[PDB]
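Source file: work_37.pdb (PDB, C-alpha atoms)
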```pdb
ATOM      1  CA  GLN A   5       1.044  31.768   6.093
ATOM      2  CA  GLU A   6       0.525  28.049   6.802
ATOM      3  CA  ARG A   7      -1.361  27.681   3.497
ATOM      4  CA  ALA A   8       1.256  29.488   1.441
ATOM      5  CA  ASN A   9       3.857  27.314   3.126
ATOM      6  CA  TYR A  10       2.084  24.155   2.054
ATOM      7  CA  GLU A  11       1.740  25.651  -1.434
ATOM      8  CA  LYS A  12       5.444  26.292  -1.460
ATOM      9  CA  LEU A  13       6.098  22.684  -0.367
ATOM     10  CA  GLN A  14       3.599  21.205  -2.819
ATOM     11  CA  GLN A  15       5.250  23.152  -5.610
ATOM     12  CA  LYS A  16       8.696  21.887  -4.654
ATOM     13  CA  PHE A  17       7.428  18.306  -4.644
ATOM     14  CA  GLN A  18       5.816  18.679  -8.084
ATOM     15  CA  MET A  19       9.194  19.793  -9.431
ATOM     16  CA  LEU A  20      10.859  16.819  -7.742
ATOM     17  CA  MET A  21       8.424  14.352  -9.320
ATOM     18  CA  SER A  22       9.011  15.922 -12.739
ATOM     19  CA  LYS A  23      12.763  16.035 -12.289
ATOM     20  CA  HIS A  24      13.152  12.474 -11.032
ATOM     21  CA  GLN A  25      10.179  11.241 -13.027
ATOM     22  CA  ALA A  26      11.367   7.639 -13.478
ATOM     23  CA  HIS A  27      12.703   7.613  -9.898
ATOM     24  CA  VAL A  28      11.426   7.312  -6.329
ATOM     25  CA  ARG A  29      14.208   7.873  -3.763
ATOM     26  CA  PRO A  30      15.587  11.360  -4.783
ATOM     27  CA  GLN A  31      12.274  13.109  -4.090
ATOM     28  CA  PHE A  32      12.209  11.975  -0.477
ATOM     29  CA  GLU A  33      15.945  12.342  -0.034
ATOM     30  CA  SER A  34      15.154  15.981  -0.745
ATOM     31  CA  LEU A  35      12.151  16.012   1.592
ATOM     32  CA  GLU A  36      14.185  14.408   4.359
ATOM     33  CA  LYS A  37      16.576  17.345   4.356
ATOM     34  CA  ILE A  38      13.491  19.321   5.408
ATOM     35  CA  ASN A  39      12.498  16.947   8.199
ATOM     36  CA  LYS A  40      13.823  13.411   8.320
ATOM     37  CA  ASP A  41      10.356  12.466   9.687
ATOM     38  CA  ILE A  42       8.610  12.945   6.321
ATOM     39  CA  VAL A  43       7.998   9.338   5.247
ATOM     40  CA  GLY A  44       5.751   9.995   2.287
ATOM     41  CA  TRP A  45       3.341  12.098   0.278
ATOM     42  CA  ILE A  46      -0.414  11.807  -0.283
ATOM     43  CA  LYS A  47      -2.340  13.466  -3.101
ATOM     44  CA  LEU A  48      -5.814  13.468  -4.672
ATOM     45  CA  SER A  49      -5.915  15.574  -7.824
ATOM     46  CA  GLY A  50      -8.689  18.134  -7.896
ATOM     47  CA  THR A  51      -8.809  18.323  -4.109
ATOM     48  CA  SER A  52      -6.993  20.137  -1.297
ATOM     49  CA  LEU A  53      -5.451  16.795  -0.279
ATOM     50  CA  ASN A  54      -1.804  17.253  -1.317
ATOM     51  CA  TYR A  55       0.551  17.133   1.679
ATOM     52  CA  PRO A  56       3.555  15.284   3.113
ATOM     53  CA  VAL A  57       3.015  12.380   5.530
ATOM     54  CA  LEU A  58       5.190  12.416   8.669
ATOM     55  CA  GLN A  59       5.815   9.837  11.353
ATOM     56  CA  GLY A  60       7.174  10.265  14.853
ATOM     57  CA  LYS A  61       7.913   7.899  17.754
ATOM     58  CA  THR A  62       4.312   8.267  18.981
ATOM     59  CA  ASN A  63       0.852   9.066  17.674
ATOM     60  CA  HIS A  64       1.047  12.550  19.153
ATOM     61  CA  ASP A  65       4.441  13.702  17.866
ATOM     62  CA  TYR A  66       2.803  15.433  14.902
ATOM     63  CA  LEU A  67      -0.797  16.005  15.994
ATOM     64  CA  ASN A  68      -0.019  19.685  16.481
ATOM     65  CA  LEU A  69       3.224  20.197  14.518
ATOM     66  CA  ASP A  70       3.693  20.734  10.785
ATOM     67  CA  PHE A  71       6.367  19.284   8.488
ATOM     68  CA  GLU A  72       8.936  21.840   9.610
ATOM     69  CA  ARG A  73       8.357  21.214  13.332
ATOM     70  CA  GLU A  74       6.240  24.360  13.742
ATOM     71  CA  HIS A  75       3.469  24.539  16.368
ATOM     72  CA  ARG A  76       0.148  24.282  14.556
ATOM     73  CA  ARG A  77      -3.379  23.354  15.529
ATOM     74  CA  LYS A  78      -3.909  21.562  12.252
ATOM     75  CA  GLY A  79      -0.545  19.845  12.681
ATOM     76  CA  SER A  80       0.267  17.352   9.920
ATOM     77  CA  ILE A  81      -1.037  14.316   8.079
ATOM     78  CA  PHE A  82       0.820  11.588   9.980
ATOM     79  CA  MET A  83       1.327   7.817   9.835
ATOM     80  CA  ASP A  84       0.617   5.697  12.910
ATOM     81  CA  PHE A  85       3.914   5.302  14.772
ATOM     82  CA  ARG A  86       3.352   1.521  14.704
ATOM     83  CA  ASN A  87       3.384   1.206  10.906
ATOM     84  CA  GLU A  88       6.446   0.194   8.929
ATOM     85  CA  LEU A  89       7.095   1.425   5.369
ATOM     86  CA  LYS A  90       9.813  -0.802   3.932
ATOM     87  CA  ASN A  91       7.631  -3.820   4.698
ATOM     88  CA  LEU A  92       4.078  -2.418   4.866
ATOM     89  CA  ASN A  93       1.788  -4.067   7.413
ATOM     90  CA  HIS A  94      -1.736  -5.382   6.769
ATOM     91  CA  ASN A  95      -3.309  -2.036   7.482
ATOM     92  CA  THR A  96      -1.386   1.223   7.581
ATOM     93  CA  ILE A  97      -3.079   4.185   9.276
ATOM     94  CA  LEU A  98      -2.383   7.854   8.782
ATOM     95  CA  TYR A  99      -4.325  10.616  10.536
ATOM     96  CA  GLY A 100      -5.202  14.245   9.924
ATOM     97  CA  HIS A 101      -7.364  17.102  11.180
ATOM     98  CA  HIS A 102     -10.872  17.911   9.946
ATOM     99  CA  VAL A 103     -11.362  21.533  10.992
ATOM    100  CA  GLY A 104     -13.746  22.558   8.232
ATOM    101  CA  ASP A 105     -11.734  24.800   5.925
ATOM    102  CA  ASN A 106     -11.036  22.342   3.108
ATOM    103  CA  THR A 107      -7.552  21.510   4.349
ATOM    104  CA  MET A 108      -5.789  18.392   5.599
ATOM    105  CA  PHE A 109      -8.394  15.646   5.927
ATOM    106  CA  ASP A 110     -11.499  17.716   5.250
ATOM    107  CA  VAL A 111     -11.758  15.828   1.951
ATOM    108  CA  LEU A 112     -12.538  12.555   3.775
ATOM    109  CA  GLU A 113     -16.035  13.806   4.459
ATOM    110  CA  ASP A 114     -16.611  14.045   0.695
ATOM    111  CA  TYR A 115     -15.943  10.336   0.242
ATOM    112  CA  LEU A 116     -19.233   9.884   2.113
ATOM    113  CA  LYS A 117     -21.176  10.843  -1.014
ATOM    114  CA  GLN A 118     -21.338   8.211  -3.744
ATOM    115  CA  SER A 119     -20.811  10.803  -6.497
ATOM    116  CA  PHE A 120     -17.567  12.168  -5.097
ATOM    117  CA  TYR A 121     -16.302   8.611  -4.753
ATOM    118  CA  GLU A 122     -16.999   7.878  -8.459
ATOM    119  CA  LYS A 123     -14.846  10.822  -9.563
ATOM    120  CA  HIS A 124     -12.061  10.314  -7.008
ATOM    121  CA  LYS A 125     -11.669   6.537  -6.877
ATOM    122  CA  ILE A 126      -7.849   6.547  -6.557
ATOM    123  CA  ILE A 127      -5.574   8.488  -4.222
ATOM    124  CA  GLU A 128      -1.864   8.835  -4.894
ATOM    125  CA  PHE A 129       0.672   7.834  -2.250
ATOM    126  CA  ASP A 130       4.476   7.801  -2.567
ATOM    127  CA  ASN A 131       7.556   7.182  -0.429
ATOM    128  CA  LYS A 132      11.254   6.290  -0.771
ATOM    129  CA  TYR A 133      10.253   2.703  -1.680
ATOM    130  CA  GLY A 134       7.949   3.352  -4.630
ATOM    131  CA  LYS A 135       4.771   4.943  -5.965
ATOM    132  CA  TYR A 136       1.352   3.613  -4.985
ATOM    133  CA  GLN A 137      -2.326   3.887  -5.793
ATOM    134  CA  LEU A 138      -4.860   3.939  -2.990
ATOM    135  CA  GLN A 139      -8.104   2.542  -4.403
ATOM    136  CA  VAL A 140     -10.837   3.610  -2.017
ATOM    137  CA  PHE A 141     -13.448   0.948  -1.333
ATOM    138  CA  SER A 142     -14.982   2.163   1.941
ATOM    139  CA  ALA A 143     -15.830   5.448   3.682
ATOM    140  CA  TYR A 144     -17.900   5.767   6.841
ATOM    141  CA  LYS A 145     -18.517   7.837   9.970
ATOM    142  CA  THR A 146     -17.698   6.144  13.255
ATOM    143  CA  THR A 147     -16.331   6.819  16.745
ATOM    144  CA  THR A 148     -13.263   6.160  18.891
ATOM    145  CA  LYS A 149     -15.051   3.183  20.513
ATOM    146  CA  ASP A 150     -14.546   1.164  17.301
ATOM    147  CA  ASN A 151     -10.912   0.435  16.486
ATOM    148  CA  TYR A 152     -10.507   0.389  12.705
ATOM    149  CA  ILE A 153      -6.989   1.295  13.750
ATOM    150  CA  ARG A 154      -5.797  -2.306  13.997
ATOM    151  CA  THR A 155      -2.325  -2.779  12.478
ATOM    152  CA  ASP A 156      -2.046  -6.551  12.121
ATOM    153  CA  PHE A 157      -4.155  -9.652  12.469
ATOM    154  CA  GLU A 158      -3.682 -13.068  14.103
ATOM    155  CA  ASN A 159      -4.525 -14.726  10.797
ATOM    156  CA  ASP A 160      -6.445 -14.453   7.537
ATOM    157  CA  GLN A 161      -9.677 -15.452   9.267
ATOM    158  CA  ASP A 162      -9.055 -12.500  11.612
ATOM    159  CA  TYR A 163      -8.058 -10.180   8.744
ATOM    160  CA  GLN A 164     -10.944 -11.496   6.625
ATOM    161  CA  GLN A 165     -13.330 -10.516   9.421
ATOM    162  CA  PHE A 166     -11.851  -7.001   9.585
ATOM    163  CA  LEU A 167     -12.105  -6.598   5.815
ATOM    164  CA  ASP A 168     -15.687  -7.877   5.973
ATOM    165  CA  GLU A 169     -16.821  -5.361   8.572
ATOM    166  CA  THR A 170     -14.907  -2.624   6.780
ATOM    167  CA  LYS A 171     -17.083  -3.141   3.721
ATOM    168  CA  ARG A 172     -20.260  -3.661   5.720
ATOM    169  CA  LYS A 173     -19.824  -0.275   7.409
ATOM    170  CA  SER A 174     -18.995   1.479   4.121
ATOM    171  CA  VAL A 175     -21.505   4.176   3.213
ATOM    172  CA  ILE A 176     -20.362   4.054  -0.430
ATOM    173  CA  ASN A 177     -20.267   1.054  -2.770
ATOM    174  CA  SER A 178     -17.344   0.145  -5.008
ATOM    175  CA  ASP A 179     -16.517  -2.482  -7.635
ATOM    176  CA  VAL A 180     -13.028  -2.784  -6.125
ATOM    177  CA  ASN A 181     -12.550  -6.164  -4.468
ATOM    178  CA  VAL A 182     -10.172  -6.747  -1.603
ATOM    179  CA  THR A 183      -8.874 -10.082  -0.329
ATOM    180  CA  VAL A 184      -6.862 -11.227   2.694
ATOM    181  CA  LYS A 185      -3.831 -11.213   0.407
ATOM    182  CA  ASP A 186      -4.103  -7.501  -0.373
ATOM    183  CA  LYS A 187      -2.638  -4.638   1.668
ATOM    184  CA  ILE A 188      -4.852  -1.859   3.052
ATOM    185  CA  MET A 189      -4.512   1.797   4.015
ATOM    186  CA  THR A 190      -7.052   3.533   6.211
ATOM    187  CA  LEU A 191      -7.289   7.313   6.298
ATOM    188  CA  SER A 192      -8.723   8.725   9.538
ATOM    189  CA  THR A 193      -9.574  12.203  10.855
ATOM    190  CA  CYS A 194      -8.216  13.051  14.295
ATOM    191  CA  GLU A 195      -8.782  15.443  17.199
ATOM    192  CA  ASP A 196      -6.323  17.262  19.475
ATOM    193  CA  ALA A 197      -5.336  15.411  22.612
ATOM    194  CA  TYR A 198      -7.998  15.341  25.325
ATOM    195  CA  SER A 199     -10.701  16.408  22.868
ATOM    196  CA  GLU A 200     -14.127  15.100  23.731
ATOM    197  CA  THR A 201     -15.116  14.814  20.090
ATOM    198  CA  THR A 202     -15.078  11.058  19.652
ATOM    199  CA  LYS A 203     -16.800  11.053  16.246
ATOM    200  CA  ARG A 204     -14.476  10.186  13.356
ATOM    201  CA  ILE A 205     -14.551   9.662   9.592
ATOM    202  CA  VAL A 206     -12.660   6.783   7.991
ATOM    203  CA  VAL A 207     -11.758   5.953   4.400
ATOM    204  CA  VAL A 208     -10.143   2.604   3.605
ATOM    205  CA  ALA A 209      -8.279   1.859   0.383
ATOM    206  CA  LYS A 210      -6.536  -1.093  -1.259
ATOM    207  CA  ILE A 211      -2.812  -0.327  -1.603
ATOM    208  CA  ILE A 212      -1.425  -1.121  -5.055
ATOM    209  CA  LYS A 213       2.191  -0.548  -6.066
ATOM    210  CA  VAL A 214       2.614   1.012  -9.503
ATOM    211  CA  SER A 215       6.317   1.834  -9.302
TER     212      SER A 215
END
```

With the file now loaded, output its structure as structure tokens.
Amino acid sequence: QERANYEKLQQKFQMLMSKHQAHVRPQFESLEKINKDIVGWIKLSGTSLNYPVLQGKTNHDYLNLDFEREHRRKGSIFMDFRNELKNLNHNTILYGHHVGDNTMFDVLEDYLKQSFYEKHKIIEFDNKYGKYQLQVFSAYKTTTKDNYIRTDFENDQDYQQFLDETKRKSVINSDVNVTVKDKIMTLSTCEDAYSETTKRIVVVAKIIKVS
């Protein structure tokens, strides 16, 4: 009952958002009592993407564990252990499985069609520090040989480059403009440890605070 469990959790969170509408901390104070490692929540209305985002000391802490520390293939949607929330870095990466059952990050594949992108331009993302909009501006298929997983850059020229390639590789086109002064969030599919599947799907969005 992994699905039902997520449903249960999603339902609790909806109540929390309604309850503490004009707030931001209380919802995650609540979530923390579940697992202090839940640093946020990601949601795209109309899609299966509606789960908590955890973060452990490493990038494998939650690859195969769900929000309540239960052993699961599909694990959790998790934030790169290197990223900071209070003071968000240039690019913040969270990962999730793509097993082909419309769960976790199966939705990322959909952002590869221009039409899906037009009707799902913004993804919701919240945490103890505020509410945010993730305005997608790039979605492409790649591999583990290309690191779109870079956290910070030596300088704007360096970050400009990264942003440039990010758009060049995009399979979709978007009116959203991103500059070296904007913050970014990349969403990436992931594979179990020691998996020889090196192919990945990445979606990059401009982080905008609306809280």

*asked:* Rounded to one decimal, what separation in Å do you get between atom CA of residue 86 of chain A and atom CA of residue 43 of chain A?
replied: 13.1 Å

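Minimum distance to residue 197 of chain A across A:15, A:68, A:5, A:155 (counting all atoms listed in the file) occurs at A:68.
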
_Neighbouring residues of segment 87-89 of chain A were defined as those with any atom within 8 Å, considering only C-alpha atoms; residues of the same chain fewer than 3 positions away were excluded. Please report them as number ranges by chain._
A: 43, 83-84, 92-93, 96-97, 133, 155

*Counting only C-alpha atoms, what is within 8 Å of residue 195 of chain A, bar same-chain residues fewer than 4 positions away, as a PyMOL selection string?*
chain A and resi 101-102+199+201

Using only C-alpha atoms, please write the residues we just selected to a file, as a compact mmCIF listing (two decimals), in the coordinates of the input.
```txt
# COMPACT_ATOMS: atom_id res chain seq x y z
CA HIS A 101 -7.36 17.10 11.18
CA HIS A 102 -10.87 17.91 9.95
CA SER A 199 -10.70 16.41 22.87
CA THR A 201 -15.12 14.81 20.09
```

*Restricting the calculation to only C-alpha atoms, which member of A:38, A:21, A:143, A:209 is positioned closest to residue 177 of chain A?*
A:143

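Shortest separation to residue 79 of chain A among A:118, A:6, A:165, A:198 occurs at residue A:6, atoms counted being all atoms listed in the file.
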
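Reported to one decimal place, the separation of atom CA of residue 113 of chain A from atom CA of residue 175 of chain A is 11.1 Å.
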
*For the file shown, report as a PyMOL selection string the outcome of the PyMOL selection byres ((chain A and resi 166) around 12) at residue level.*
chain A and resi 94-95+150-165+167-173+182-184+188+208

_Just the number, please: distance in Å from atom CA of residue 22 of chain A to atom CA of residue 108 of chain A, one decimal._
23.7 Å

*Residue contacts of residue 180 of chain A (9 Å, only C-alpha atoms) excluding same-chain residues fewer than 5 positions away, as an MDAnalysis selection string*: chainID A and resid 139:141 210

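Put simply, the PyMOL selection byres ((chain A and resi 52) around 7) on this file hits residues 51, 53, 54, 106 and 107 of chain A.
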
*asked:* Please expand the PyMOL selection byres ((chain A and resi 116) around 10) into the concrete residues it hits in this file, giving the result as a PyMOL selection string.
replied: chain A and resi 111-115+117-121+142-145+174-176+205-207
